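FYI the Cβ positions are ideal-geometry reconstructions off the backbone, even for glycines, and counts take in every protein chain you see. Only the coordinates and a few stated rules stand behind these numbers; no lab work does.
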Amino acid sequence: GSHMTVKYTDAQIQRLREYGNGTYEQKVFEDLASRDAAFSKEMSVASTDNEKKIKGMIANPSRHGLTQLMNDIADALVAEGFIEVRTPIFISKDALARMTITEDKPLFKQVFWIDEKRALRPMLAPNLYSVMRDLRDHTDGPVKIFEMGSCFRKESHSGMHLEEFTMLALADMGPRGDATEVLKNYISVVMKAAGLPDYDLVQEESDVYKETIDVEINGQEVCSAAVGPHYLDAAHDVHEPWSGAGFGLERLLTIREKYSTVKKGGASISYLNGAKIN
Amino acid sequence: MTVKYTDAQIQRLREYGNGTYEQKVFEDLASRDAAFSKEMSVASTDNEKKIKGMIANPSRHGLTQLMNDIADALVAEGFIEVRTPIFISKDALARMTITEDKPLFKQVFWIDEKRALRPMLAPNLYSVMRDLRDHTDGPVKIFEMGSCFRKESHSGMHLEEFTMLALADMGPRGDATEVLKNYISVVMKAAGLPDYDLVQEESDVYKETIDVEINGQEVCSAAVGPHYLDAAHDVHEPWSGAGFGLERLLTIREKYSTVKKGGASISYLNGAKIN
Ligand SMILES: Nc1ncnc2c1ncn2[C@@H]1O[C@H](COP(=O)(O)OP(=O)(O)NP(=O)(O)O)[C@@H](O)[C@H]1O
Ligand SMILES: Nc1ncnc2c1ncn2[C@@H]1O[C@H](COP(=O)(O)OP(=O)(O)NP(=O)(O)O)[C@@H](O)[C@H]1O
Ligand SMILES: O=C(O)C(Cc1cccc(C(F)(F)F)c1)C(=O)O
Ligand SMILES: O=C(O)C(Cc1cccc(C(F)(F)F)c1)C(=O)O
Ligand SMILES: [Mg+2]
Ligand SMILES: [Mg+2]
Ligand SMILES: [Mg+2]
Ligand SMILES: [Mg+2]
Ligand SMILES: [Mg+2]
């Protein structure tokens, strides 16, 4: 709210980001009159750019941006020997408690319950671990699998959070080499296939995996990876070694396409491929 | 020879097996049960081979691949692929005439007092196609593939979560029914199922649909406007739309014995049982 180095107001920024995918919060003006004259021209550009974009998209449709991204990453993983799997969106109360997501946990508040014993999955690891364990019964080789699909969380409506988002989870179980070097190679395969070859690996605290490697771009988390802990497999004393990585595909797409909010590239009845339709 | 496998035997055979067990006939119970024993063994042995073969040649998932084949075929017809939220409002369901009095209301999974898991794609596609009509004079051609949810009975071609492909063309160039029949043909050929029948059927939502059936099995329900549900969605022009059950299509094309094997699962992967 500085009246000396005058920026666009907070309201003006939301109005600009509604239709525009430029960058707006850095502009500085001499006075209010110059801020507001610039806002007028910026807002007009943003809205006309949006209308051109949606008209060209209607006239020349492609696969959806999120589906295309999923396909690029999936074909890359399959070429590295990963099996694509699809698991149910419902998961049982039992599976959630087996991840130590229990009545006392921070993530437990965020769970959507469907009935007394089942919920919408907030993560992919529970189902993926089960499928991976069963596939290990049929082979002496390592098992590498991945899934892409919707997970659901109750969220604080902050910067890069959706209640429904599309996660990619990849996992590798069985005989290991240098586990972390293999995992880092997988992340690189995914990140290059996504079109985001430049990123940082930062270690972040976690209540579920204890310690994770995060993937960050300009300080924004797009992925957590881990060498697998063994609390999910409570029914066996002896566990298989495994590791995995979970990527936020809407976050990847948003960063790559430089959309101004995370609501624009995924599932929506207000946005289609970055453009506002109403 | 009039003795057949019992229903319990059929379900046991189909658990691991993808043959056509319901055709077999036997002289007496002894021969039925001796055949059952052999068929169960073959089914389990064949299944183990299949799952090892998948591990040896990893691939895209069979459902995802079918989705991509149909979706690329529809893009090639000028359709816009959209993705819409799995959550829809109680009001959106009411505008489809899915209201508290109606029996259909009880198949809906509720999230909160005013939000539900979508049991169908038309509520969101209605909303998007109407908005896109604000930007063009031409046909608005869109489609979505995504999970839908219904409380059901036994798994007779029925899942609780299934994948629907719904397409819609609002304000088509040509008779809306003729255009629909052409787009259904595009989908079915792209799915590898060029032989099918169009059959007019009743619906508690649409009152009348054109269904796609293969050997009497419903794989699609379609509808043509102007339609009585159009007013509540601010639609005032001809349109045609169709919703396909992608797991049903995949099951029929691959000859899987149940609809549980080709879709999302923690027990099945591409037609084979993993546990
Ligand atoms: N609500 C959400 N909306 C969009 N993407 C999400 C959401 N939650 C998680 N993701 C993405 O999915 C990945 C899964 O990691 P996970 O550790 O479960 O989330 P997280 O640690 O809570 N990330 P954050 O909530 O931003 O701090 C993350 O790296 C994100 O890229
Ligand atoms: N529970 C389900 N499991 C799998 N596919 C389904 C299910 N319900 C509907 N579908 C598929 O989705 C398509 C469009 O939905 P809709 O026409 O509303 O289903 P429906 O008329 O209730 N089918 P049915 O239950 O066999 O009488 C159907 O033609 C089926 O192919
Ligand atoms: O719980 C979570 O923090 C997420 C992210 C995650 C971290 C490690 C390994 C995986 C895996 F195996 F599914 F791919 C996933 C989730 O489980 O989806
Ligand atoms: O999804 C539904 O509502 C229907 C399928 C359907 C019939 C007509 C038009 C559409 C449309 F508009 F989405 F494309 C979809 C159902 O069978 O459930
Ligand atoms: Mg979080
Ligand atoms: Mg994280
Ligand atoms: Mg039904
Ligand atoms: Mg029917
Ligand atoms: Mg029907």
Euclidean distance between Cα centres, the stretch B:115-176 to the stretch A:263-277, Å: 17
Rg followed by Dmax, in Å, when the stretch B:174-275 is reduced to its Cα trace: 16.0, 52
Relative contact order %, the stretch B:62-254, counting alpha carbon pairs below 8 Å whose residues are six or more apart: 22
Fraction of beta bridges assigned by DSSP in chain B that are antiparallel (%, nearest 5): 95
Nonlocal amide H pairs with A:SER224, under 5 Å, H built at 1.01 Å: A:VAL215, A:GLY246
Separation between Cα centres of the stretch B:29-92 and the stretch A:222-248, rounded to whole Å: 27
Dipole of chain A, positive end: most advanced residue of A:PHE39, A:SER2, A:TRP113 [Cβ charges, Cα centre]: A:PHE39
GNM flexibility winner over chain A from A:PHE152, A:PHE39, A:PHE82 (Cα, springs under 10 Å): A:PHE39
Label-point separation in nm, B:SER44 to A:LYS117, each point 7 Å along Cα→Cβ: 2.7
HN-Hα J in Hz across the stretch A:84-97 - Karplus 6.51, -1.76, 1.60, θ = phi - 60°, x for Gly and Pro: 7, 10, 10, 10, x, 6, 6, 9, 7, 3, 4, 4, 5, 5
Cβ-placed point charges (K, R +1; D, E -1), dipole of the stretch B:163-275 about Cα centre in debye, nearest 20: 800
Footprinting exposure proxy for A:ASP36, A:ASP10 (fewest neighbouring C-beta atoms within 10 Å first): A:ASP10, A:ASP36
Dipole axis of the stretch A:119-278 (+1 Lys, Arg; -1 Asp, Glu on Cβ), positive-most option in A:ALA225, A:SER206, A:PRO122: A:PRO122
Cβ-placed point charges (K, R +1; D, E -1), dipole of the protein assembly as shown about Cα centre in debye, nearest 20: 160
Coordinate range along principal axes, alpha carbons of the stretch A:1-70, Å, largest first: 47, 24, 14
Most mobile of A:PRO61, A:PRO241, A:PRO175 in a GNM of chain A (Cα contacts under 10 Å): A:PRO61
Derived scalar couplings ³J(HN,Hα) [the stretch A:258-274; Karplus, 6.51 cos²θ - 1.76 cosθ + 1.60; whole Hz; x for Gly, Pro]: 6, 5, 7, 9, 7, 7, 9, x, x, 6, 6, 10, 10, 10, 9, 6, x
Range of Cα positions in chain A per principal axis (Å), largest first: 71, 42, 36
Amide H partners (placed H, <5 Å) of B:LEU269, local residues excluded: B:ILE274
Most mobile of B:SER185, B:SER41, B:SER240 in a GNM of chain B (Cα contacts under 10 Å): B:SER41
Candidate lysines - alpha carbon under 17 Å from B:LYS207, same-chain residues fewer than 8 apart omitted: B:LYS102
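Taking the Cα centre of the stretch B:1-133 as origin and charging only Cβ (+1 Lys, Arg; -1 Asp, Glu), how large is the dipole, in debye to the nearest 20?
Details: 20 positive and 19 negative charges, 60 e Å.
That gives a dipole near 280 debye.
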Theoretical gain in end-to-end length, B:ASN182 to B:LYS255 [0.36 nm per residue, Cα-Cα removed]: 23.7 nm
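With all pairs of different alpha carbon atoms counted, what Kirkwood hydrodynamic radius in Å does the protein assembly as shown show?
On the way: mean 1/r = 0.0391 Å⁻¹.
Its Kirkwood hydrodynamic radius stands at 25.6 Å.
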Karplus-derived HN-Hα couplings along the stretch A:157-166 (A = 6.51, B = -1.76, C = 1.60, θ = phi - 60°), whole Hz, x at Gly and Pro: 6, 8, x, 10, 10, 10, 5, 10, 9, 9
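Using the 10 angstrom Cβ neighbour count as an exposure proxy, how do B:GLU113, B:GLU254 rank, fewest first? Before the final figure, lay out each step's value.
Values: B:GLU113 6, B:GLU254 15.
Lowest count first: B:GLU113, B:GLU254.
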